[PDB]
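Listed next as structure tokens is one chain, alone, in the form deposited in one PDB entry.
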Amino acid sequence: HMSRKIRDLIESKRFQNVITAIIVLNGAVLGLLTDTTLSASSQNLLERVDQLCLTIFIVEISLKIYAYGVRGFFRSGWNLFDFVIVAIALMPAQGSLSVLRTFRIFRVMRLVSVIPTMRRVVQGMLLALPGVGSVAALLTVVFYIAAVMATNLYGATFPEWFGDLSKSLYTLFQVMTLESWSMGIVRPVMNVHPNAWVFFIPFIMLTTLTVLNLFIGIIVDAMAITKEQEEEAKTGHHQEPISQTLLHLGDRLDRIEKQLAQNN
């Protein structure tokens, strides 16, 4: 019964609270370590607290692997994420895809995986992504076409902003966010190219509409997924859609119609 006694401990509220308190503590020490003025002894102390925090996470994950099984633990995405986050910190010479995994503060993302209500918010957002993939692709297509056009049109006269494809993608993102789009970019561009507005004004109209569509699509779907997940976590099931309720109401009416026309 040892593994079962350990699962009862792991799945308890107090154990979740201890682990949450250690993530907050680890997050607090990493925040204090951003302070350049600190003494060597103060830094050494905080680095030992970070070591103590990480060790508690190793015991916890090992306690989880034994109480669930290697395949049973890695079955959940949140468990694998927690494993990767902790295991990465135990690698001195590491390699990913950017530069170096020196951002230890990403360990505070564990607050999301450990707290179930927070876990459900991220879950809802992630599950809402496939449904907006075509809107996001449409926005990606518009950005690329615009970046190529802006490079060819304005790159030779405005090389800081449109000198290459990378530079144009960056200033088009800025233009889309409406940040200094006119006083900083388009009015100076119009001094050399007077009809530049025929490009930037339709670019703004299209991208702000498409990006708002993308964001609304995520928020609307994510809110409904999380709402359903909150219901299943509390009652064991979620509220059935209006269409299903009306379908079952229609079936009951077809059943009474049969028990009236011939056998009545």
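We number the residues from 1 along the sequence you see. Between two forms, the rigid core is the largest collection of C-alphas that superpose within 1.5 Å.
Another form exists, deposited in another entry; not displayed. Remarks below refer to it.
Q: Quick check for you: superpose on the rigid core, then look between the shown form and the other one for a C-alpha move of 2 Å or more. Which of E60, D50, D221, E230 is it?
A: Single residue meeting the criterion: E230.
Q: If you line up the core, does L253 shift 2 angstroms or more at its C-alpha between the shown form and the other one?
A: Yes, the C-alpha position differs by at least 2 Å between the shown form and the other one.
Q: Is the shift of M183 between the shown form and the other one large enough to count as movement, that is, does its C-alpha move by 2 Å or more after the core is superposed?
A: Shift at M183: below 2 Å after core fit.
Q: Checking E240 here: with the core superposed, does its CA move 2 Å or more between the shown form and the other one?
A: Yes, shifts by 2 Å or more.
Q: Given a change of 3 Å or more, say if the Cα atoms of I23 and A233 sit closer or farther in the other form than in this form.
A: Their C-alpha distance grows by at least 3 Å in the other form.
Q: Quick one: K234 and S12 C-alpha atoms, closer or farther in the other form compared with this form (3 angstroms or more)?
A: So the answer is farther.
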